[PDB]
Structures are given as C-alpha cells and as structure tokens.
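First comes the structure, then the notes that go with it.
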Amino acid sequence: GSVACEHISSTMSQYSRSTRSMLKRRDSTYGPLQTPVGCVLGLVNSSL
Amino acid sequence: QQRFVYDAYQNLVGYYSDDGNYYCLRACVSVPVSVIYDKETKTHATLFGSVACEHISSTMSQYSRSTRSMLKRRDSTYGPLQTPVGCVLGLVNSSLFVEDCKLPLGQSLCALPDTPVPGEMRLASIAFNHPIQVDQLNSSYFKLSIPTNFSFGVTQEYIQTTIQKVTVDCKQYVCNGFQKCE
Amino acid sequence: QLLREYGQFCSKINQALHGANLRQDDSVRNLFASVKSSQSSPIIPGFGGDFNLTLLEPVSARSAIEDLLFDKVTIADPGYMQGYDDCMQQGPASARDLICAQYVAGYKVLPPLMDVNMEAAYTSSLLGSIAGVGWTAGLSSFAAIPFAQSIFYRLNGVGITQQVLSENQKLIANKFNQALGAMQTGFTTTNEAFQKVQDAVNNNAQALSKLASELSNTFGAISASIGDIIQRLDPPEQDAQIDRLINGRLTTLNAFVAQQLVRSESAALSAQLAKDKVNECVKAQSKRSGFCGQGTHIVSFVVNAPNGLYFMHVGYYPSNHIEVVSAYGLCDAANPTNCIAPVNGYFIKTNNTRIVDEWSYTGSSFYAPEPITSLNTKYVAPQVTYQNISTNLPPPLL
Amino acid sequence: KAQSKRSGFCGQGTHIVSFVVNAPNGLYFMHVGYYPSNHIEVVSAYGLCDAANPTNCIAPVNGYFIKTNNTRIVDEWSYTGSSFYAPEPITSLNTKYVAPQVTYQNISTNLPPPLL
Amino acid sequence: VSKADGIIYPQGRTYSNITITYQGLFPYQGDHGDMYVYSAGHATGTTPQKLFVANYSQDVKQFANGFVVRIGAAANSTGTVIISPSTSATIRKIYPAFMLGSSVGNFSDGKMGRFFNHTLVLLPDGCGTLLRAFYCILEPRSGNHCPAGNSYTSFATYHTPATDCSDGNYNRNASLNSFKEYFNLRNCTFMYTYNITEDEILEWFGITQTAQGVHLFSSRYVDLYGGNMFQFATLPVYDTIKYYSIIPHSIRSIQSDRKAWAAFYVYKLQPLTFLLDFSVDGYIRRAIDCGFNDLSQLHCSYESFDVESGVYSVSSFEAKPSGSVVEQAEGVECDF
Amino acid sequence: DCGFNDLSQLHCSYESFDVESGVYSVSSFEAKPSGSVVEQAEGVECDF
C-alpha cells in the first residue's frame with residue numbers, strides 16, 4: 001500500500017489476516033525496499 | 001346500471017347519482033410553491049407554480065400544508081403580481097432589462113435583488129443583445145463592416161481525461177475482520 | 001411521521017433534480033451564446049431576391065416553417081401560466097392528461113429558460129448573417145452582400161465555372177426554389193428527422209407517465225390509497241402497510257432520478273454536436289462530405305424545434321453523367337519544359353465539329369467545355385503522362 | 001499543434017495559438033483569440049475591371065477593395081486586410097486576375113498597377 | 001431558535017464544531033408560550049393582609065410531551081409591581097411551582113383543579129435557594145378559607161421576606177409549610193431536594209417523561225451563561241402524566257418594601273426535527289426549526305446554515321376539504 | 001487451496017490455473033489488539 005517499511009516485517013506477526021501465509025520470498029530475503037509508492041518485498045533496486 | 005365510471009388506471013372519474021344526474025369526479029389539486037432566494041442579501045420571494053393569483057391569498061387559509069408558516073413578506077405587502085410564469089409574491093414590477101441574471105424565473109424573467117436595509121426584489125426581463133446591423137445596398141457596391149481596433153483574449157477550458165483509480169477489499173469491507181462473518 | 005425517520009432520501013432526490021435543471025439551463029445559455037452572430041443584416045420582406053426563402057422569414061415572431069413544424073408535432077400544451085386553473089374545470093380527462101396530473105401526483109414541469117420570441121430572435125439573427133459570412137477569413141468582418149451573390153460564390157467554389165452560372169441564373173434560382181418548396185409537404189411519416197422530433201417528445205411524455213403510473217401500484221399492500229388503509233386498519237399494521245407504500249414510492253423516485261440524469265447527460269453531448277453543426281454548416285460552407293448533408297454542401301438553415309434545433313442542408317446533387325477522355329496536363333512539343341495543368345477542372349477532348357485533337361477545359365462539377373486560358377490553368381513541371389501537343393497551342397502554351 | 005480555421009472549436013473570436021497544461025484529472029487549455037472592436041462601415045466593390053479592356057479584371061486576395069477618402073483623387077480604390085482596417089495601395093501582391101462579372105466596377109482613370 | 005432558546009441537549013453524547021440534523025423534543029420557533037406572574041400580597045403599612053394570586057390554580061393544561069420554562073428573563077430592569085401599578089422597582093428573578101398529575105376533578109364547590117390519587121409536586125423553597133419534588137398525595141383540609149372548608153377561593157403558597165428570607169438562615173420549609181396549610185401530605189413518596197445558588201441570570205428548566213420516569217432538565221450545573229439544558233434528575237414517577245398546573249405564590253412583604261418578580265414563560269415540546277450547530281466547546285449556539293417556513297426547509301435539506309442563491313421547489317399547498325357528501329339506503333321500511 | 005496465500009487467492013478468484021500478469025489487490029493485514037481497557041463506576045462492598 002503506502003506503508004513506510006518500519007511497520008512491516010518478514011513475518012508480519014503483529015498483524016492478522018485470513019490468508020494463512022505469505023509469499024515464499026526465497027534465499028534473497030533482503031530488507032524491505034522503500035519506494036515512492038510504498039514498501040515492496042521481493043524487489044531489487046536496479047537503477048535501470 | 002354500473003354507477004361507478006372508472007378510467008384506464010383504476011381511478012374513479014364519474015358517478016351516476018340517485019338524483020338522476022351524471023357527475024364527473026376529479027381530484028383535489030395542489031398549488032405548487034417555489035422560493036426565489038438571494039443569498040448575499042438574504043432576500044426571498046415566493047413563486048406559485050402556474051396559478052393565476054386569484055386562487056392565492058396573503059394567508060392561504062383555504063389551503064393546508066405541513067410547513068407551519070409562509071415567508072415574512074414585510075410592510076410592502078402589495079397585491080400578488082401576475083407573471084408569464086405564474087403568480088409571484090414579494091416582487092415589484094420594474095420594467096428593467098438585463099443582459100444576464102443569477103436567478104431566472106422562466107421564459108425571459110429574472111429576479112433582480114436590490115443590491116447596493118435591502119429592498120424587495122424586482123421583476124426584470126432578459127433583453128436580446130442585437131448584433132451590429134449592416135444594411136444591404138441596391139447597387140454594384142456593398143457595405144462592409146470592418147474593425148479598426150482589436151484585443152487578445154484567453155478562453156480557458158478543462159477537459160477531463162481520467163477518474164481516480166480505486167480498488168476495494170471486498171472481504172474486509174463486508175466483514176471487517178470478524179471470522180464469524182467470513 | 002413514518003417518512004420522517006427515513007431521513008435525507010427526499011432531500012437527495014430534490015438536490016439531484018435541482019442540479020440537473022441547473023445544468024440544463026447552463027447548456028442552453030452556452031449553446032445560444034455560441035449560436036449568436038456579432039454582425040448581421042436586417043430581414044426585410046423579399047430577403048433572398050430570386051430565391052424564394054419566404055418560409056424562413058419571420059411572420060410579423062416565428063418563421064412559417066417553424067410554425068408548421070410545431071403544429072405537426074403532437075405535444076401536450078403545458079400551462080406555465082394559469083395552467084392550474086385550466087385543470088380546475090378540465091372537463092373529462094383527455095387520455096391521461098399528464099399536464100393536469102402534476103398537480104395530483106406531485107411533480108412539476110418547469111418553463112424553458114427562454115421565450116419563444118427570444119429563441120426566434122436568435123434564429124432570425126443567425127439567418128441574416130448567412131450571406132455575409134465573408135469569402136476572406138470571414139470571422140472578424142461582415143460583408144452585406146445579397147443572398148444571390150453568396151449562392152453564386154458558393155456554386156463557383158464547388159466546380160461550376162462563371163460562364164455556366166451567368167448563363168443559367170434563372171434556371172438555378174428555379175431549381176433552388178423547387179427544392180426549398182417541396183419542404184412544406186415533407187413533415188410526414190417518411191420524414192426521419194420529424195420522426196426523431198416526435199421520439200424526443202414521446203420520451204418526455206413517457207418519463208412523466210412512468211411517474212404518474214406508479215401511484216396506482218400497490219406494493220404488496222391492501223390498497224394503494226394511504227387514506228384508505230388508514231380507515232380500515234390499526235396502528236401496528238397501518239405502519240407496516242404505509243411503510244410498504246413508502247419504500248415502493250421511494251424506489252420509483254430514485255429510478256426516475258437516475259434515468260433523468262442519464263438523459264440529461266446525453267443531451268449535453270447532443271447540444272455540443274449542434275453547436276459544431278451551427279459553426280460548420282450554417283455559418284460556413286463545408287468541404288467535408290456527409291457532415292452537413294448528402295451531395296455537395298452549399299448552404300444550411302436552422303430553426304427551433306420542440307427540444308432542439310432543426311437543420312435544413314441544401315446540397316448539389318449531380319445527374320446524367322457522361323464519360324469523356326481527359327489528360328493529366330499539356331506540354332508544348334517545341335519547348336517540353338513548358339507545361340500546364342487544370343485548376344479546379346479538367347482538360348477534355350472536344351468534339352465541337354472543329355480542329356482535330358482540340359483540348360478544352362471543363363469545371364469539375366458540371367460539363368461545359370470552354371477555351372483554355374491562364375484563368376483556369378497553372379504552370380507545372382513536366383511529367384511523363386502529359387500530352388505533347390504540336391499544333392493549336394492554347395494561349396498559355398504560346 | 002496547429003492554428004485552427006474553424007470557428008468555435010478552439011475558443012471564441014479567431015484562434016491564433018493555444019497552450020495546454022496538466023490539471024488534477026485532465027488537461028487545461030488556454031486558447032488565445034483575436035477579438036475585434038470599433039467596427040466602421042465602408043463601401044466596397046466585388047472587383048475592378050479596365051474600362052478600355054473590359055476582359056482585364058482583378059479581385060482582392062484575403063482582403064477588400066475599399067473607397068479611399070485620403071484627401072486625394074476622386075473614386076480612388078485601396079486595399080485593406082479582411083481583419084483590420086488599414087487602406088493600402090493596390091498591387092499584384094494583394095490581387096488576383098479573374099474573369100469579368102456584371103457586378104465589377106469599370107475604372108477609367110488612375111488604373112491601379114495590376115490593370116495597367 | 002436562531003440563538004438556541006429552549007434547546008434540550010442530546011442526552012447521550014456531545015459533538016464538536018459540526019452541524020447536524022437531530023430528532024428530539026423541541027419547541028416551535030416563534031412560539032409565544034404562556035406567561036405567568038407572581039406578585040406581593042396585600043399589606044397595610046407593616047402588616048400583610050392577604051394573598052394576591054391569579055386564577056392559575058383553575059387553569060389545568062395537558063402535559064402530553066412535557067414543557068420548558070424561561071426563568072428570569074426580565075431581570076436587572078425597571079418594571080412595576082402588580083398590586084401597585086404606579087410603583088417602579090427593579091425586577092427580581094423568581095422560580096415557578098408546578099403540580100402535575102394523572103387525574104383531575106372538581107374541589108368542594110365544583111371548582112376545577114383537584115388532583116386525584118397521586119400528584120407530583122415541584123416547589124422551590126428557602127426564598128429561592130432549593131427545589132423540592134414529591135408525590136405526597138394531596139388531602140384538602142377543612143377549615144376557614146381552605147380547599148375542603150368554607151369560603152374557598154384558591155390554594156396558594158407564600159413566604160414572608162421579613163422572617164423567612166433572612167441572610168443568616170433562609171427558612172427551607174416556609175413554602176412547604178404554606179403548602180401544608182391547605183393540603184395534608186398523606187402516603188407520601190420520595191421527597192428530594194436540590195440546591196440552587198442565588199444570582200440574577202436568565203435560566204431554563206424542562207421536564208419530560210419516559211418509561212424510566214420523569215426527567216428534569218435545567219441549565220445551571222453545566223451551561224449557566226448559555227441556556228443549553230441538561231438532565232440533572234430522574235423521578236420514580238411511572239404513572240403517565242396527562243395534566244399539570246401552575247401553583248400561585250404570593251410574597252407577604254411589607255407594603256413599604258415590595259419588589260417586582262419577573263414573569264416566567266412556559267412553552268410546550270413537540271417531536272420535531274432540528275438543525276443544530278455544535279461549536280468547538282460542544283455547546284449549541286444556534287439551531288433551525290426545519291418545519292417553520294420554506295427557507296428553513298431549504299436549510300435543513302442541505303443541512304447547512306448557508307444556502308446558495310437560486311430558485312428552489314418546496315412543499316406545495318393542498319386544498320382543504322370544504323364539505324362532505326354521503327349516499328346510502330334504508331333496510332326496507334317497517335310495515336305498520 | 002484458496003486460503004493458502006495471495007497467489008492462491010488470485011487463482012481461485014479467476015478459478016483458473018493460469019492468471020495473467022499484473023498487479024492485483026489482495027486481502028489486507030489487520031492490527032492485532034495488544035491490550036484491553038475497561039472503565040466503570042462501581043464500588044459496592046458487603047458490610048461485615
């Protein structure tokens with residue numbers, strides 16, 4: 001959404017939703033990326 | 001023998017009386033009301049639909065409606081004014097003309113507020129702005145209308161191209177998190 | 001009291017209708033502000049000269065054809081004045097009078113923003129500027145030329161030479177009058193535009209009739225009359241029945257408001273199209289085919305109609321086509337780099353019982369061979385398809 | 001991206017140039033138009049022919065043939081632009097040769113240079 | 001209503017800096033209500049003779065929703081005494097006395113204004129220092145000038161400012177004792193008491209009734225320089241009140257020492273819809289009665305205090321049925 | 001399993017095993033009530 005990546009974690013254990021689990025997000029698993037549109041998980045800053 | 005005369009949509013429109021006469025039956029009719037309101041002077045008049053000012057009174061005691069009282073209509077309180085759109089209360093016949101008005105009554109009519117205690121509104125009419133008239137000659141010449149001065153002018157225009165993009169979270173909107181509702 | 005706890009439904013309906021009416025008024029003002037001309041000529045009797053357009057002239061304020069169009073349309077007369085007392089007597093009802101039903105059902109038809117006379121003034125002022133739209137950059141200047149001069153200048157620009165127009169002046173005037181005269185006997189079932197006018201009037205009537213018809217509906221109740229269920233039941237069930245009726249009527253009103261919004265939104269686009277048509281077909285001669293009318297557009301007139309504008313486009317329709325042989329251009333055989341091409345016309349092969357392989361010029365829209373001269377030709381670079389002529393050398397090639 | 005010749009489409013008056021910027025939910029156009037004022041009425045002719053040679057005629061190009069009153073020779077003819085009143089001499093730059101018409105003026109004296 | 005006169009605050013909650021429509025029990029805009037005046041009694045020099053009251057005790061009105069009262073409006077002003085028309089004096093705020101019930105009838109000599117089995121009574125005491133409410137079944141006493149006795153005109157209460165309204169000690173039973181001289185309080189129920197601090201400020205007082213008893217309102221404990229009315233009591237009255245009346249009150253003061261008591265106004269309450277403007281501090285400074293006229297209906301339709309200029313369709317007048325028409329038969333006629 | 005993760009929810013919403021590329025709004029996270037707060041006006045005790 002429009003979240004600043006300080007409120008989100010790799011497990012999001014402080015929140016709750018009906019969906020059982022999150023996307024796999026394999027070995028890379030670097031820190032959340034901050035974008036002008038929001039915090040993204042699973043993206044690599046490319047500067048392309 | 002079937003005294004009750006109906007119409008297509010099951011409304012009684014006739015009756016054969018015991019006295020030996022046939023009577024048309026109508027419905028009691030309402031008198032439409034509208035309010036002409038100027039804000040920046042807090043002035044108001046009353047327009048009575050399409051009635052002819054003989055059926056209306058300064059108290060309207062022969063009619064009834066839910067609204068408890070009529071507009072104030074102070075000391076002026078002259079007789080009702082008859083207009084091409086209907087009977088008006090709180091207007092003074094002005095015999096003025098305007099190029100445009102903020103409150104048009106209908107067909108050419110405007111309520112002109114007594115803008116700089118503000119007086120009663122006036123009943124003015126919209127005047128047609130005649131274009132420059134150029135007459136035709138009866139010869140091999142012709143009359144030409146040509147400018148000798150000019151100016152520039154900016155016409156502003158907005159053209160919409162998009163609406164706001166919105167997605168809703170249907171499940172959360174309907175149940176807002178409660179597992180029972182899910 | 002039962003409706004009082006339904007809150008701001010009625011207010012929503014009233015506000016929506018008020019906004020739609022305000023937008024309609026603004027559309028009318030914009031359209032007639034863009035329709036008005038800045039300069040025009042007075043409409044005196046006999047305006048037109050040899051062209052009989054007296055059915056466009058105002059009868060001392062509407063036109064004759066406008067009056068005919070309004071007479072042939074089945075439209076219920078609204079009151080707008082003492083129309084409340086007209087329904088007081090009302091005689092027997094005339095096939096569900098929707099004008100007397102507004103004081104019964106509880107709706108009201110508002111008068112249009114402008115009078116008939118003001119609209120006729122706008123249309124007549126538009127008619128008086130048709131001739132003088134200006135051959136040259138005609139937006140800021142007005143030339144008060146006669147109608148015949150304007151018509152002949154419009155004909156000359158579509159491919160008819162000045163010689164033909166000068167020869168057939170009376171024939172052209174008679175042919176224009178024949179076309180304009182068949183208009184009086186035109187408002188019938190086969191007329192498509194007249195049928196569209198009637199469709200718009202019928203749509204208005206249907207919109208009113210739907211409102212007037214749902215008051216007899218009984219939405220799962222013992223009766224449709226509130227005052228009847230009041231004097232037959234008791235509060236606990238009176239409330240239920242009256243609430244059934246209230247909900248039904250509120251749904252009917254909401255549907256009516258939505259349909260009125262759709263119709264009003266369509267009418268604004270239609271008004272913009274009418275604005276474009278006035279600016280392109282009535283105030284100028286249009287070069288794009290099909291937009292104004294069929295054939296080749298020459299001049300257009302516009303009058304008022306029940307709920308809009310009625311355009312009459314006069315077009316030039318050719319008949320009796322013949323086939324001739326023509327050349328792309330002519331070059332001088334002695335000097336091959338001296339060539340000519342026709343201007344707004346064609347180089348044809350004559351057969352005027354005269355010299356062989358003679359070349360003549362004809363206009364692009366009427367067959368009438370004429371001599372080749374510098375007035376109807378223009379110099380061009382030689383091409384492989386041009387005819388190399390050796391003798392008789394039209395004067396431009398000399 | 002162009003200057004439009006159709007009245008009413010871009011703006012009012014005579015269109016000259018338009019600018020566009022972004023707006024909250026679309027585009028905002030600013031059309032600059034030429035608005036004339038202070039109209040005067042003059043007498044004008046459809047065309048001019050040479051009286052000696054009647055088949056030698058001219059018509060104005062993007063303008064009008066007007067009757068001058070510049071304290072000078074009588075029945076002098078000048079040229080003016082179609083959108084602004086400013087009489088000028090008649091020359092080959094603002095005229096075009098045309099076939100004669102019955103409504104053209106047959107000039108005998110002062111013979112503007114195109115008709116010479 | 002443009003300055004929020006007689007407005008009972010919504011008794012569940014509060015708002016801040018908004019404007020909303022609200023359905024409650026408000027009085028009519030422009031209503032004049034009923035005026036009531038209290039006067040000193042007859043006195044010769046330094047001896048009060050008798051009580052000077054109006055016929056209020058005979059005038060029994062309907063309750064049917066409750067009402068509101070405007071106490072102390074014409075204070076800090078120069079008015080006149082009632083029993084001495086040519087006597088100017090500064091006006092002093094005084095408090096009304098009410099007696100409400102569920103059944104009314106006649107007194108000894110058929111005089112209207114008798115309350116049966118259970119009669120709620122609200123009467124101030126302490127020379128304007130406290131208010132007491134009680135069921136206290138009324139029993140007319142038989143004696144000279146008394147309800148059940150001979151030569152009865154009207155029951156009334158009184159207090160003597162010479163003794164009772166003393167700075168050191170305000171007799172908090174003087175008016176109760178006066179009321180006791182005419183009626184014998186029997187089989188009485190809850191007898192409360194509320195404290196009022198003296199001033200000369202305009203105030204409001206309301207009373208309604210629901211399934212939870214009789215609610216009492218006032219603007220003294222929350223809004224004092226305003227007038228917004230807040231609940232401050234509830235009474236174990238559960239009999240449906242159908243009637244009420246004012247209780248006359250005369251001041252047995254010295255003929256040379258008499259004051260002017262401000263008249264108080266009573267306005268009935270109706271289930272109307274209002275448009276209320278709540279300020280930042282949550283107080284209602286202005287309102288609009290949505291059913292007063294057409295401009296009010298416009299204001300409430302947009303629920304704003306500023307309506308744009310234009311022409312607005314409003315509610316139409318309906319013709320009033322002048323006469324009636326019927327048609328029918330017999331049953332055959334009997335054959336004598 | 002439609003409730004496994006967000007991609008599963010996308011697959012079940014279109015009820016197909018092939019979902020077109022794009023950016024899809026899915027179910028959001030909800031904050032978890034960390035504590036509780038109670039307020040009253042009681043004080044009734046028994047008289048021994």
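Residue numbers begin at 1 in each chain, while the letters A, B, ... track the order of the sequences.
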Does atom NZ of B:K143 have more than 12 heavy-atom neighbours from other groups under 6.0 Å away?
yes

Taking side chain as everything from C-beta outward and backbone as N, CA, C, O, which of these in D:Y64 sits under 4.5 Å from a heavy atom of chain B? Side chain, backbone, both or neither.
side chain

Spell out, as yes or no, whether a donor-acceptor pair under 3.5 Å connects the side chain of D:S44 to the backbone of B:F142.
yes

To the nearest 0.5 Å, tell me how far B:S145 OG sits from D:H39 NE2.
5.5 Å

Do other residues, nucleotides or ligands put more than 12 heavy atoms under 6.0 Å from B:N138 CG?
no

Drop me the distance from D:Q101's CD to B:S140's OG, to the nearest 0.5 angstrom.
12.0 Å

Take atom CG of D:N69 as the centre, draw a 6.0 Å sphere, and report whether it contains more than 12 heavy atoms from other residues, nucleotides or ligands.
no

Is it true that, when you exclude B:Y16 itself, more than 12 heavy atoms of the residues, nucleotides or ligands shown sit nearer than 6.0 Å to its OH?
no

Residues in residues 147-182 of chain B that sit under 4.5 Å from chain D, counting heavy atoms only:
B:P147, B:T148, B:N149, B:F150, B:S151, B:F152, B:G153, B:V154, B:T155, B:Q156, B:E157, B:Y158, B:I159, B:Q160, B:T161, B:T162, B:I163, B:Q164

What residues of residues 31-68 of chain B sit under 4.5 Å from chain D when only non-hydrogen atoms are counted?
none

Only pairs of heavy atoms separated by less than 4.5 Å count here; which of D:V20, D:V42, D:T103 has the most with chain B?
D:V42

If you tally heavy-atom pairs under 4.5 Å between each of D:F65, D:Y34, D:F19 and chain B, the highest tally belongs to D:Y34

Which of the residues D:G26, D:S37, D:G81, D:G33 is involved in the greatest number of heavy-atom pairs with chain B at under 4.5 angstrom?
D:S37

So do the side chains of B:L144 and D:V43 get within less than 4.5 Å of each other, counting heavy atoms only?
no

Side chain, backbone, both or neither: which part of D:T14 has a non-hydrogen atom closer than 4.5 Å to chain B?
neither

